[PDB]
Amino acid sequence: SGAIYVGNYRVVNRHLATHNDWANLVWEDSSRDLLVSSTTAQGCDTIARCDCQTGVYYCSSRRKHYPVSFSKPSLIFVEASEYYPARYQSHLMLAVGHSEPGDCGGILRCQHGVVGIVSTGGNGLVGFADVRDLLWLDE
Ligand SMILES: CSc1ccc(Br)cc1CC(=O)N1C[C@H](C(N)=O)CC[C@H]1C
Ligand SMILES: [Zn+2]
């Protein structure tokens with residue numbers, strides 16, 4: 001679990017969005033596993049606007065942060081799950097690191113701010129949904 005709170009927006013994994021997220025929907029994209037909902041309170045986070053390929057993510061299944069080198073946002077095949085059919089997930093960045101399904105929502109940050117959230121994984125792999133291209137989050 002986990003979310004980004006920026007301005008009057010809440011960014012979550014689309015497959016973990018609540019009834020309240022859907023009732024206050026701003027934007028969602030199944031191909032990215034993202035959903036953004038509106039909030040009444042002002043957020044605590046800021047978004048990176050950069051091309052960093054290194055950063056640190058929070059791994060809830062280890063209660064620890066880990067440093068990672070990750071690929072640029074790309075279209076990557078993701079196997080079927082209870083949440084989605086087998087498809088290409090877009091704007092996804094992969095890295096070597098530990099992850100389990102419940103780790104989705106953990107934030108990846110670089111020196112500039114929030115880069116994205118955990119969305120996929122594998123055997124010693126962790127994949128992050130990028131949010132740096134969503135310029136409207138800042139206004
Ligand atoms: C951190 S998730 C994870 C971690 C390790 C392993 Br093995 C396997 C996973 C599962 C995984 O990749 N997905 C991706 C899915 C999606 N984004 O299409 C939504 C959550 C889940 C079902
Ligand atoms: Zn950066």
# chains A, B, ... in the order shown; residues from 1 in each chain; ligands from 1

call {"tool": "residues_near_ligand", "arguments": {"ligand": "ligand 2", "cutoff": "7 Å", "atoms": "only C-alpha atoms and all ligand atoms", "output": "compact mmCIF listing (two decimals) with N, CA and C atoms, in the first residue's frame"}}
result
# COMPACT_ATOMS: atom_id res chain seq x y z
N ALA A 48 9.52 14.94 -8.78
CA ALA A 48 10.75 15.17 -9.53
C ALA A 48 10.42 15.47 -11.00
N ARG A 49 11.22 16.37 -11.62
CA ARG A 49 11.06 16.67 -13.07
C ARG A 49 12.48 16.56 -13.61
N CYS A 50 12.89 15.32 -13.94
CA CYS A 50 14.28 15.02 -14.24
C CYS A 50 14.36 13.72 -15.05
N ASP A 51 15.62 13.34 -15.39
CA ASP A 51 15.86 12.08 -16.09
C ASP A 51 16.72 11.13 -15.23
N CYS A 52 16.65 11.23 -13.88
CA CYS A 52 17.43 10.32 -13.02
C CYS A 52 17.08 8.88 -13.31
N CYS A 110 14.31 10.36 -5.99
CA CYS A 110 15.70 10.73 -6.31
C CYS A 110 15.97 12.04 -5.57
N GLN A 111 17.13 12.69 -5.77
CA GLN A 111 17.43 13.97 -5.11
C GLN A 111 16.47 15.11 -5.46
N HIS A 112 15.68 14.97 -6.52
CA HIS A 112 14.74 16.01 -6.99
C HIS A 112 13.32 15.90 -6.48
N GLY A 113 12.96 14.73 -5.95
CA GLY A 113 11.61 14.50 -5.47
C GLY A 113 11.09 13.11 -5.79

call {"tool": "residues_near_ligand", "arguments": {"ligand": "ligand 1", "cutoff": "6 Å", "atoms": "only C-alpha atoms and all ligand atoms", "output": "short mmCIF file (atom, residue, chain, number, x, y, z; two decimals) with N, CA and C atoms, in the first residue's frame"}}
result
data_model
loop_
_atom_site.label_atom_id
_atom_site.label_comp_id
_atom_site.auth_asym_id
_atom_site.auth_seq_id
_atom_site.Cartn_x
_atom_site.Cartn_y
_atom_site.Cartn_z
N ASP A 33 -1.36 1.39 -14.60
CA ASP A 33 -1.67 1.04 -13.21
C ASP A 33 -1.70 2.28 -12.31
N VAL A 78 3.49 -7.55 -18.85
CA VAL A 78 3.19 -7.97 -17.49
C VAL A 78 2.17 -9.12 -17.58
N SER A 81 -2.88 -11.21 -13.86
CA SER A 81 -3.02 -11.30 -12.40
C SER A 81 -4.53 -11.25 -12.12
N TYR A 84 -5.53 -7.65 -13.63
CA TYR A 84 -5.43 -7.29 -15.04
C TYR A 84 -5.22 -8.49 -15.91
N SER A 99 10.82 -7.24 -3.95
CA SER A 99 9.43 -6.80 -3.87
C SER A 99 8.50 -8.01 -3.80
N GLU A 100 7.34 -7.79 -3.14
CA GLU A 100 6.23 -8.70 -2.98
C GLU A 100 4.96 -7.90 -3.32
N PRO A 101 3.84 -8.57 -3.65
CA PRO A 101 2.64 -7.83 -4.13
C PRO A 101 2.17 -6.66 -3.25
N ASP A 103 3.90 -4.73 -1.57
CA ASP A 103 4.81 -3.59 -1.64
C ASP A 103 4.35 -2.50 -2.61
N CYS A 104 3.30 -2.75 -3.40
CA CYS A 104 2.80 -1.74 -4.35
C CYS A 104 2.41 -0.47 -3.59
N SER A 119 4.78 -0.87 -8.60
CA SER A 119 3.60 -1.36 -9.30
C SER A 119 3.72 -2.83 -9.71
N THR A 120 4.95 -3.32 -9.96
CA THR A 120 5.10 -4.73 -10.41
C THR A 120 6.36 -5.33 -9.70
N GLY A 121 6.59 -6.62 -9.87
CA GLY A 121 7.83 -7.22 -9.41
C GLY A 121 8.06 -8.57 -10.03
N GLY A 122 9.08 -9.21 -9.55
CA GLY A 122 9.49 -10.52 -10.05
C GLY A 122 10.50 -11.12 -9.10
N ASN A 123 11.23 -12.15 -9.58
CA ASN A 123 12.21 -12.83 -8.75
C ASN A 123 13.47 -11.98 -8.71
#

call {"tool": "residues_around", "arguments": {"residues": "residue 32 of chain A", "least_positions_apart": "3", "cutoff": "9 Å", "atoms": "only C-alpha atoms", "output": "ChimeraX atom specification"}}
result
/A:13-14,28-29,35,88-92,119,129-130

call {"tool": "residues_around", "arguments": {"residues": "residue 37 of chain A", "least_positions_apart": "2", "cutoff": "10 Å", "atoms": "only C-alpha atoms", "output": "list in words"}}
result
residues 5, 8, 9, 10, 11, 12, 17, 18, 20, 21, 22, 23, 24, 25, 26, 27, 28, 35 and 39 of chain A

call {"tool": "atom_distance", "arguments": {"atom1": "atom CA of residue 108 of chain A", "atom2": "atom CA of residue 59 of chain A"}}
result
9.6 Å

call {"tool": "residues_around", "arguments": {"residues": "residue 71 of chain A", "least_positions_apart": "3", "cutoff": "12 Å", "atoms": "only C-alpha atoms", "output": "VMD selection string"}}
result
chain A and resid 51 to 55 68 74 to 76 91 to 96 125 to 130

call {"tool": "closest_residue", "arguments": {"among": "A:7, A:106, A:97, A:2", "to": "residue 46 of chain A", "atoms": "only C-alpha atoms"}}
result
A:7

call {"tool": "closest_residue", "arguments": {"among": "A:34, A:41, A:118, A:16", "to": "residue 70 of chain A", "atoms": "only C-alpha atoms"}}
result
A:118

call {"tool": "closest_residue", "arguments": {"among": "A:43, A:105, A:73, A:85", "to": "residue 57 of chain A", "atoms": "only C-alpha atoms"}}
result
A:105

call {"tool": "closest_residue", "arguments": {"among": "A:98, A:79, A:139, A:31", "to": "residue 60 of chain A", "atoms": "only C-alpha atoms"}}
result
A:98

call {"tool": "residues_around", "arguments": {"residues": "residue 47 of chain A", "least_positions_apart": "5", "cutoff": "7 Å", "atoms": "only C-alpha atoms", "output": "list in words"}}
result
residues 113, 114, 115 and 132 of chain A

call {"tool": "write_last_selection", "arguments": {"atoms": "N, CA and C atoms", "output": "PDB file, in the first residue's frame"}}
result
ATOM      1  N   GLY A 113      12.959  14.731  -5.950  1.00  0.00           N
ATOM      2  CA  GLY A 113      11.610  14.499  -5.474  1.00  0.00           C
ATOM      3  C   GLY A 113      11.094  13.106  -5.785  1.00  0.00           C
ATOM      4  N   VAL A 114       9.775  12.967  -5.759  1.00  0.00           N
ATOM      5  CA  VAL A 114       9.161  11.671  -6.026  1.00  0.00           C
ATOM      6  C   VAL A 114       9.231  11.362  -7.515  1.00  0.00           C
ATOM      7  N   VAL A 115       9.657  10.140  -7.826  1.00  0.00           N
ATOM      8  CA  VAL A 115       9.790   9.645  -9.198  1.00  0.00           C
ATOM      9  C   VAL A 115       8.595   8.774  -9.589  1.00  0.00           C
ATOM     10  N   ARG A 132       6.712  11.256 -13.381  1.00  0.00           N
ATOM     11  CA  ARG A 132       7.409  12.523 -13.690  1.00  0.00           C
ATOM     12  C   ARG A 132       6.876  13.232 -14.900  1.00  0.00           C
TER      13      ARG A 132
END

call {"tool": "select_by_dssp", "arguments": {"residues": "segment 37-82 of chain A", "states": "strand (DSSP E or B)", "output": "PyMOL selection string"}}
result
chain A and resi 37-38+47+54-59+64-70+74-78

call {"tool": "write_last_selection", "arguments": {"atoms": "N, CA and C atoms", "output": "short mmCIF file (atom, residue, chain, number, x, y, z; two decimals), in the first residue's frame"}}
result
data_model
loop_
_atom_site.label_atom_id
_atom_site.label_comp_id
_atom_site.auth_asym_id
_atom_site.auth_seq_id
_atom_site.Cartn_x
_atom_site.Cartn_y
_atom_site.Cartn_z
N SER A 37 -6.90 10.89 -7.57
CA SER A 37 -8.16 11.39 -7.03
C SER A 37 -7.91 12.76 -6.38
N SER A 38 -9.01 13.52 -6.17
CA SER A 38 -8.87 14.84 -5.53
C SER A 38 -8.96 14.74 -4.01
N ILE A 47 7.03 16.46 -6.75
CA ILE A 47 7.36 15.54 -7.85
C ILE A 47 8.64 15.93 -8.55
N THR A 54 18.74 6.61 -11.04
CA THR A 54 19.09 6.03 -9.72
C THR A 54 18.22 6.76 -8.68
N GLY A 55 17.95 6.04 -7.60
CA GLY A 55 17.12 6.58 -6.53
C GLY A 55 17.00 5.58 -5.40
N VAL A 56 16.06 5.85 -4.51
CA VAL A 56 15.87 4.99 -3.32
C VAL A 56 14.36 4.71 -3.25
N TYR A 57 13.99 3.44 -2.96
CA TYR A 57 12.56 3.14 -2.78
C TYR A 57 12.29 2.53 -1.42
N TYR A 58 11.04 2.68 -0.94
CA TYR A 58 10.62 2.06 0.30
C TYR A 58 10.00 0.67 0.02
N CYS A 59 10.50 -0.34 0.72
CA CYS A 59 10.06 -1.74 0.56
C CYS A 59 9.34 -2.16 1.88
N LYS A 64 12.26 -1.33 5.02
CA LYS A 64 13.57 -0.70 4.72
C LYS A 64 13.53 0.04 3.40
N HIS A 65 14.44 1.00 3.25
CA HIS A 65 14.65 1.66 1.96
C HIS A 65 15.88 1.03 1.30
N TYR A 66 15.82 0.89 -0.03
CA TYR A 66 16.92 0.34 -0.80
C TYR A 66 17.31 1.24 -1.97
N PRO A 67 18.61 1.37 -2.25
CA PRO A 67 19.03 2.12 -3.44
C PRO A 67 18.84 1.25 -4.71
N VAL A 68 18.50 1.89 -5.85
CA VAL A 68 18.26 1.13 -7.10
C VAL A 68 18.73 1.91 -8.28
N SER A 69 19.19 1.16 -9.31
CA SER A 69 19.40 1.69 -10.67
C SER A 69 18.18 1.15 -11.51
N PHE A 70 17.44 2.01 -12.24
CA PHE A 70 16.22 1.57 -12.93
C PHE A 70 16.21 2.01 -14.38
N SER A 74 9.11 2.67 -19.91
CA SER A 74 8.95 1.92 -21.18
C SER A 74 7.71 1.03 -21.15
N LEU A 75 7.39 0.41 -22.32
CA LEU A 75 6.27 -0.53 -22.44
C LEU A 75 6.83 -1.93 -22.19
N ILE A 76 6.36 -2.59 -21.13
CA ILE A 76 6.87 -3.87 -20.66
C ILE A 76 5.74 -4.85 -20.49
N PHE A 77 5.89 -6.08 -20.99
CA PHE A 77 4.89 -7.12 -20.83
C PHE A 77 4.75 -7.53 -19.35
N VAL A 78 3.49 -7.55 -18.85
CA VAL A 78 3.19 -7.97 -17.49
C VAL A 78 2.17 -9.12 -17.58
#
